Every structure is written in C-alpha cells, then in structure tokens.
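Below: the structure, in structure tokens.
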Amino acid sequence: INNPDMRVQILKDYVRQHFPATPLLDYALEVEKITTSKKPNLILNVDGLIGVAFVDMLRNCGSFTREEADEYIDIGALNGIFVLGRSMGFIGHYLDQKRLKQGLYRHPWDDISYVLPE
Amino acid sequence: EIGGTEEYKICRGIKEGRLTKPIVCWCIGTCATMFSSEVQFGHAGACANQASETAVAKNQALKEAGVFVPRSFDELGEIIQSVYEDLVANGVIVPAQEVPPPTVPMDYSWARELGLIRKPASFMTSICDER
Amino acid sequence: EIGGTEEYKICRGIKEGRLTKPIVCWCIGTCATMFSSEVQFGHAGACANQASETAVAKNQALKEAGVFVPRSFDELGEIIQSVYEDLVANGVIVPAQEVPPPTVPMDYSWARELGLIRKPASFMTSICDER
Amino acid sequence: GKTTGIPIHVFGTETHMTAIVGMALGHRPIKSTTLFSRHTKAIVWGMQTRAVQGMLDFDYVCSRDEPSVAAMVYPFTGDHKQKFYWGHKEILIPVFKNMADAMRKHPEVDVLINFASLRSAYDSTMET
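Residue numbers (the deposited numbering), protein chains in the order written: chain A, 980 to 1097; chain B, 718 to 848; chain C, 718 to 848; chain D, 395 to 424, 488 to 585.
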C-alpha cells in the first residue's frame, strides 16, 4: 500500500483526473482500504484497476446505455483489451527470439516428476 | 514477565511440595519500576496493575520461594550452567554420547543466492523486464 | 615410447652441446622385449621395426647420453623430484610464493550429482516416459 | 562390488597409477620458440562447446584478461552466437559457417584447434 504498482498509479491518476464519475473505482478503492488493513499487499492490482475503470468508462462516458455497457462487459470486451494489448508484447518476443537466433527448446528432465503407473 | 500473577503459582507449588525439580527463573520488565508513568510493553499482558504484578516483586518472591533467580538477564546463562553442573556432579544427569545427524542438501535457491552454484539460463530476452 | 628413433635426436643434441638443461626421460614399451611375437600397441607408431626402435634400447642410449632415466615408470616421480630438489639447492629455481586463484561456482549438474543441492521439479507427468 | 559380491578394490587420483598392479599380485597392501601467451586467441573448428567452456574456465582461474576462444567454426549451422561463462558472468562466442569470415572478423587469432573427424581433418587443416 506504501510501495505502489506504477502501472496502477499511472492509470488511477489519469482516470481520477479525466473521468466525470468513477463510482465502481471508488467502491473498489474502499474494498482496497479493507483488504490492505488485513495484509498491506492486498492492493488493487492493475487487472482490478483496468477492470473497474473500464466499467466506469462504459457506464459514465455517456456513449452507452446501461444495457449496452453491461452487454459489452459480458461478451468480454475486457478480454479483447488484454488480448489486443498483449499481442504487441508477444509479436515483440517472436521477433526478439528470431533476431537472437535462438535454437530449439526441450524442457530439462530434472524439472519433471514422472509419476507413471506400474 | 511483568504483568500477571501466574509466576506465583510456581512459588505455591514449591511450598506445597508438588514441585521438587530445580527451577531457574527470571522475570523481564524490571525497567518499568523506574518509569514516572505506566508503560504498556510489546505484549498484551505486559501491564502491571497491582504492585505484585511487577517483574521486581515476582523475582523477589521466586528467589524467596527457593527458585534459582539471576541478578539480571545477563547472569541467566551463568545460573543455568551452575545448576546443570551440580546435577551432573550429583549424577542426576548422565550426558548421552553425541551422534551425528542425517544430512539434508542445500536448497538450490539458497545455493544460487550465496553464489556457490551456477546454472546456465536456457532463455534469453531483450525486450521487457518485469523483475 | 617404443617405435621410432625420434628420442635419439635428444642424445645427439646433448652430445652436440645444444641441450644443456637437465632432461628426465622414460620410454614406455619395455614389456615388448618379453613377447615371442611382434605386438602392435595402442598408438600408430608404437611398432619397433629395428632393434634400435625398442624402449629398452632407447632408455639405455638416453641414460648413457646423460639423460636422467628412472629404473621403471614407478621411479619417474622420484628422479623428477631428485632433479628438482638439486636445482632448488643450486639456486637454479626459486619457487614463487603461492597465490590463491579466482573462484568459479560449481556447475549445477555436478552439485546435484554429488547430492549437495536439492531443487524441486516444476512439472509433473504420468502418461508417458521417453527417458 | 557390494551388490554382486565380486571383490572390487576402487582407487582414485590419490593412488599411483601402477599401484593396483602391485596390490593385485599381492606384493603391496591395499620454427617459433614461443607458441602461447596469456594473450593467445584461438579458433575452435567444430561444435565443441564443452571443450570451449573448459578453456574459458582455465582462463578465468589463470586470471587472464580475456577468454582464449575467440570464435568457433561449424559448417553445418548458420552463423550464430553461443552462450558461455566467464566466471559467473554469461558471455557470447561467435560461431561461423565459413572459416573465411571467422579469420576476417577475428585477426587477433593465431591458433586453430581442429576437432574435425579423421576424414575431414586433412582438408580443414589444409584450408587453415
């Protein structure tokens, strides 16, 4: 709680400064208040911060009806955000491995517990 | 420790003849006596409400009861050794010959941290660092 | 070694005064003398064609030339030490004080084999074993 | 020896090589003058990663400033880099498909260690 996730900070601060209303974020931050008073690392993480902020955006940006906002969450628009976003990193890695002229991987046997029948 | 009257049950047990084995005891919280105001220590039950609940009072009572009480905590090792040595001398204790115990391997994590081992990285990245 | 006449070039060099430094030499293949038939040893050029190409002959010639030749291979250490000790004594060699070398971490593979470390398997299978 | 019951007497580097012979027969109880410097750089012909690491470890304990293996030549793979260890530090050594490039890219090299089979050893040494 005293050592924040920078990704959370960046977003939290943008959201607070530009969103007209953030009711669900406010609710989540209240839950964070409770959980962090159990164990200090029970912070609202980047997945929680993006999740609730996105709901607040769909609901309170004024472009969607409740029904529409709810349908979009349900049909997994949020999964789309992660998939689309992460696709950049993944392509990045592919290119990186190719450029690094990295050879075929085989997992080492000493890291596998073979518990076969007799 | 300071706070409570639990330590006095021992004095009672010795007096009653229930407790016969040698008992070494030291009650921490002697400093509290020197403070101008009531000081609540780390523990929940480290608060002296009565005059009897002080570490000083308890130590005095135990010493009077026949308990082996050191001058301060610093002399605790000394008095324990004193008692022990007398018990060996009186054949109460017969120290058993020391046997070496089974050997457990060092955890990999630890070994790597103290840099005793080296294991080559199978992977290589250059785009992102989350660590 | 038995086979060849390369070892004789040293006798020549000593006699000519080109080689002045102490030389210790032992030629292996002395057993060959005791065999009723020609025996081809491990190496390609470990075959004595002439009588001069034998280990016995070579060792005799070298000893006569002034080379420090031991009785058998077993006495090689002895004669090397003998020569060395005489060179220290004569101040030819001044042994340098030993400095400890940089330390390299143990290879994981080795450590695990001598059972000095323990590392838990991240995976678990139960359907097929290709090992 | 234990499991079969066969009498096996096992010895190491601390025992003399020909000490077991004595035991068994019951006689004893049971051109250029200087080739290399601390600066010498070499090219390894062949995919001998174990040997190269062997060299690099020797170089480190010898307190050499730089590793003795400059590059490797292996005609079956394309050009790439091989991971190695310089103490506890991981380092990269280039592997070349053609000797011509290895020599060109590494003029500091004066030594070639050839691990070619008896077959391919003549032609490669000739090429060097």
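All residues carry an ideal CB built from backbone N, CA and C; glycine is no exception.
Residue-level contact check: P739(C) does not touch chain D, since none of the beta carbons of chain D fall below 8 Å from its beta carbon. Around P819(C), the beta-carbon contacts reaching into chain D at under 9 Å are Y517, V518, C519, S520 and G544. Listed along the chain, the chain D residues whose CB falls inside 9 Å of the CB of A828(B) amount to none; the nearest CB is some 13 Å away. Counting other Cβ atoms within 10 Å of its Cβ, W743(C) reaches 16 or more and is therefore classed as buried. Per DSSP, the continuous beta strand (DSSP E) segment holding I570(D) begins and ends at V566 to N571. With contacts defined as CB atoms closer than 8 Å, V526(D) and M512(D) qualify as a contacting pair.
Secondary-structure assignment with DSSP links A528(D) through a beta bridge to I500(D). By the rule that beta-carbons nearer than 8 Å mark a contact, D791(C) touches chain D. In the three-state reduction of the DSSP assignment, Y1084(A) falls in the coil class. Scanning its chain for C-beta atoms nearer than 8 Å, with the 5 sequence neighbours on each side dropped, one finds around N981(A) the residues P1019, in chain order. At a cut-off of 8 Å between beta-carbon atoms, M841(C) makes contact with chain A. The Cβ of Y725(C) sits no closer than 8 Å to any Cβ of chain B. Residue environment: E733(B) is assigned as exposed (fewer than 16 neighbouring CB atoms within 10 Å of its CB, all protein chains considered). Among the CB atoms of chain B, none fall inside 8 Å of the CB of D1005(A).
Around the beta carbon of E770(B), 16 or more other beta carbons sit within 10 angstroms, so the residue counts as buried. Cβ-Cβ separation between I727(C) and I740(C): approximately 7 Å, consistent with a contact (criterion under 8 Å). Collapsing the DSSP output to three states places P1002(A) in a helix.
Closest in alpha carbon position to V415(D), among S826(C), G759(C) and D791(C), is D791(C). Between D558(D) and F533(D), the alpha-carbon positions lie close to 15 Å from each other.
If you draw a straight line from the Cα of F1033(A) to the Cα of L1021(A), it comes to about 21 Å.
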